[PDB]
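Reviewing the structure listed below.
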Amino acid sequence: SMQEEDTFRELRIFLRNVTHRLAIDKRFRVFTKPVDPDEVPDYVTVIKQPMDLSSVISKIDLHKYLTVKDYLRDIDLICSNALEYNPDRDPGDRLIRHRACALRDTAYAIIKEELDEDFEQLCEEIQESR
Ligand SMILES: CC(=O)c1nc(NC(=O)[C@@H](C)N)sc1-c1cccc(N)c1
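What the sequence shown shows, in the numbering used here, is residues 168 to 297, in sequence order.
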């Protein structure tokens, strides 16, 4: 219905705003664009499902997220990919892992503070009805 399309449009506006706030944070610059195989050849051999904040924005605009949980699964994938690709004790690895955990914690904290729980529940119930 039109009432349901209005709900999903509000969800997309909310998700674009969260993603923008993550993408302008200097700590998260390494997560803003797809990893370039020219700059990192070994990446596609370790990471089977790449994800980044620019790809998240594209998926919002393709109506791929109908619930906040679907969105957080891709935020969680950005983080888990970084942890898997950077497992070593070296300072370069530890720095990326710290930033990845901060990206995940920041996204969850914004949603916990700013998303109405009844709004997320409505999105879930519309989705389960389709
Ligand atoms: C996001 C990620 O997993 C990632 N990990 C790196 N690890 C390392 O450089 C070594 C030291 N552990 S670099 C890097 C990355 C990816 C895209 C762009 C830029 N600037 C960095």
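Using N, Cα and C, we set each Cβ at its ideal position, and we do this for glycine too.
Contacting residues, own chain, Cβ-Cβ under 7 Å from residue i (five flanking each side not counted)
i	result
residue 299	Residue 299 is absent from the model: the chain starts at 168 and stops at 297.
residue 174	289, 290 and 293
residue 204	210 and 211
Pick from the options that is closest to residue i, judged by C-alpha positions
i	options	result
residue 182	216, 224, 212 and 211	224
residue 188	231, 216, 278 and 236	278
residue 250	172, 234, 236 and 269	269
residue 229	178, 194 and 211	178
residue 282	184, 168 and 172	184
residue 196	286, 295, 263 and 172	263
residue 287	216, 240 and 233	233
Own chain, CB closer than 6 Å to residue i, minus 5 neighbours either side, in chain order
i	result
residue 190	199 and 220
Stretch pair the segment 272–288 + the segment 252–262: three plus CB contacts closer than 8 Å: Touching, no.
For the segment 200–207 against the segment 217–236, do three or more pairs of beta-carbon atoms, one drawn from each stretch, fall closer than 8 Å, so that the two count as touching? Here the segment 200–207 lies against the segment 217–236, with 3 or more beta-carbon pairs under 8 Å apart.
Using a strict less-than 5 Å threshold between each residue's beta carbon and the heavy atoms of ligand 1, what residues do you get? Counting only beta-carbon distances shorter than 5 Å to the non-hydrogen atoms of ligand 1, the qualifying residues in chain order are 197, 202, 249, 252, 253, 259, 260 and 263.
Which ranges would you report for the alpha helix (DSSP H) in the segment 230–278 if only whole runs of at least 4 residues count? List check, alpha helix (DSSP H) in window: 235–252.
Uninterrupted alpha helix (DSSP H) stretches inside the segment 168–217 (no shorter than 4 residues): As far as the segment 168–217 is concerned, its whole alpha helix (DSSP H) runs of at least 4 residues are 169–190 and 210–213.
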